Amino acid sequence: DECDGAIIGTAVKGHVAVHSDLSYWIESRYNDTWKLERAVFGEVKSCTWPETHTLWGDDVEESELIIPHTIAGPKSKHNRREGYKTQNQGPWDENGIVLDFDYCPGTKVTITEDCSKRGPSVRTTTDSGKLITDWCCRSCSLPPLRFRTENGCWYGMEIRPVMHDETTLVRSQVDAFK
């Protein structure tokens, strides 16, 4: 069950590339390497993005694909960022999501092996609304992988909160690999 290809536009012109359809707009850009810049989502859908409308699809590790292939993430090397594996436990259950690489307001991220492994995405505001200001990751690149939803700012799976008192965490309840 491929996503319908009649309604897909994919283009690269020099050093910007877009994979787009009626709900997704996925931009990658070349600085020194090619990398995923930002992605905008009307609504998340479960289908497979057709190879006919996929740039740079030779020899693709699906684990490297930031937007999971099960939710119409293109099976493209444009869909990558150094230091991040597929974000299957992002906050995908929301609507109107933006994915980019930038700090959540008020937060700070440190690259250090004194950090827990990948988990579900965590929102930057506690269950009662307090800001979690410090974050870490084992080997993720900066600036950090960011999701914005209507209700909050969330980090990629790699990036874990740093807490020193008892805190309730809001975490993505969904998995794109079910």
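The first residue of the shown sequence is 1; numbering continues from there.
- On average the C-alpha atoms of 58 to 66 have higher B-factors than those of the other stretch, with 45 to 53 and 58 to 66 being the two compared.
- Stretches 71 to 79 and 88 to 96 differ in mean CA B factor, with 88 to 96 having the higher one.
- In the PDB entry, the Cα temperature factor peaks, among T149, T126, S28, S121, at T126.
- The deposited CA B-factor of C140 belongs to the highest third of values across its chain.
- In this PDB entry, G156 carries a Cα temperature factor that places it within the lowest third of its chain's modelled residues.
- Split the chain's modelled residues into thirds by C-alpha temperature factor. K13 is in the middle one.
- In the PDB entry, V162 places in the highest third of its chain by CA B-factor.
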